[PDB]
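Report on the following structure.
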Amino acid sequence: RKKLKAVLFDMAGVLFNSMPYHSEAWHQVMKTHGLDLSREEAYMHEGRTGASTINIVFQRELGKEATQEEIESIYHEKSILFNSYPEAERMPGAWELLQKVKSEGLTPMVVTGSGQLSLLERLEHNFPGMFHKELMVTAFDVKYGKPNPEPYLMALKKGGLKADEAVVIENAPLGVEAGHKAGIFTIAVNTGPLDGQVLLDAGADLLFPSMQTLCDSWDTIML
Ligand SMILES: [Cl-]
Ligand SMILES: [Mg+2]
């Protein structure tokens, strides 16, 4: 890993344990609108923009595109369900891994589709001295969500990085696809209920069952 300069962290399900909340919120919001999106299906659709997930459900069952008004209202309803849960806490091992990454001289980057205000300071409270404004990719930076490679390509651009100078930590099949399509070595961390084979089919180079285990095996990963 002599060429390696940076580690590109997905947020949801990698830094913070937010996916029990996201997947239930999505299942429940659709169920209220007479629509069938299961929790496992929500997990399969992790990393998509709200506009993407809603369109998929709408085209499949109703035979229609979702309008912009219908997107914002369903996304806001889903946001209310999500926000009624106690704020997600840290993925065990993430802070320890970040410590190792930084001590190695590698640059910690964060990539997410979230449009949260006050994200940096939340990241600063939870992982002191790790992340920086100029080295963040969020919803305001990119148009598309996973499996589009654009967020990770933006992350390389902002870091001044080639594809071979970075690694992606992902937890989600569509996110893993985005990292692999961006030409970046992609490590999968299986923090949900899906089969590890689903992350492998998506293009994951390595596969670990938790963020702690990746941290423990970090100095035995070679590039
Ligand atoms: Cl999150
Ligand atoms: Mg994720």
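Which of the residues spanning the range 100-125 are outside any helix (DSSP H, G or I), surrounded by fewer than 17 Cβ atoms within 10 Å (Cβ to Cβ) and within 15 Å of ligand 1 (Cβ to nearest atom)? It would help to see each step written out before you state the result.
Applying the first criterion (outside any helix (DSSP H, G or I)) to the range 100-125 yields 104-118.
From what's left, surrounded by fewer than 17 Cβ atoms within 10 Å (Cβ to Cβ): 104-105, 114-118.
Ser114, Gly115, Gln116, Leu117, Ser118 - these are the residues of the range 100-125 that are outside any helix (DSSP H, G or I), surrounded by fewer than 17 Cβ atoms within 10 Å (Cβ to Cβ) and within 15 Å of ligand 1 (Cβ to nearest atom).
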Worksheet, complete the sentence: If we ask which residues in the range 184-207 are in contact (Cβ under 8 Å) with a residue 24 or more places away in the chain and either of a type in the set (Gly, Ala, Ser) or assigned to a strand (DSSP E or B) (or both), their number turns out to be 7
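Every residue, every condition in (1) within 30 Å of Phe208 (Cβ to Cβ); (2) hydroxyl-bearing (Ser, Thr, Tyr); (3) within 16 Å of ligand 1 (Cβ to nearest atom), yes or no:
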residue: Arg1; (1), (2), (3): yes, no, no
residue: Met11; (1), (2), (3): yes, no, yes
residue: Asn17; (1), (2), (3): yes, no, yes
residue: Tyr21; (1), (2), (3): yes, yes, yes
residue: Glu24; (1), (2), (3): yes, no, yes
residue: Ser38; (1), (2), (3): yes, yes, no
residue: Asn55; (1), (2), (3): no, no, no
residue: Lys64; (1), (2), (3): no, no, no
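Condition check ((1) closer than 21 Å to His22 by Cβ; (2) within 16 Å of ligand 1 (Cβ to nearest atom)) across all residues:
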position: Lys133; (1), (2): no, no
position: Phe140; (1), (2): yes, no
position: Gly145; (1), (2): yes, yes
position: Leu156; (1), (2): no, no
position: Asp164; (1), (2): no, no
position: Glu170; (1), (2): yes, yes
position: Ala182; (1), (2): no, no
Item to complete: Could you tell me whether the range 140-152 includes any residue that is at negative phi, aliphatic (A, V, I, L, M), out of contact with any helix residue (DSSP H, G or I) (no Cβ under 6 Å at 6 or more places or on another chain) and surrounded by 15 or more Cβ atoms within 10 Å (Cβ to Cβ)?
Response: no
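Applying the selection to the range 74-99, what residues are surrounded by fewer than 13 Cβ atoms within 10 Å (Cβ to Cβ) and without any contact (Cβ under 8 Å) to a residue 60 or more places away in the chain? Break it down into steps so the answer makes sense when it comes.
Kept after step one, since they are surrounded by fewer than 13 Cβ atoms within 10 Å (Cβ to Cβ), are these residues of the range 74-99: 76, 80, 83-84, 86-87, 89.
Across the range 74-99, the qualifying residues are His76, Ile80, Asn83, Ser84, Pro86, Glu87.
No Cβ is skipped: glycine too gets one built from the backbone with ideal geometry, and neighbour counts run over all protein chains shown. Where a number appears in this text, it was derived from the coordinates with a stated rule and is not lab data.
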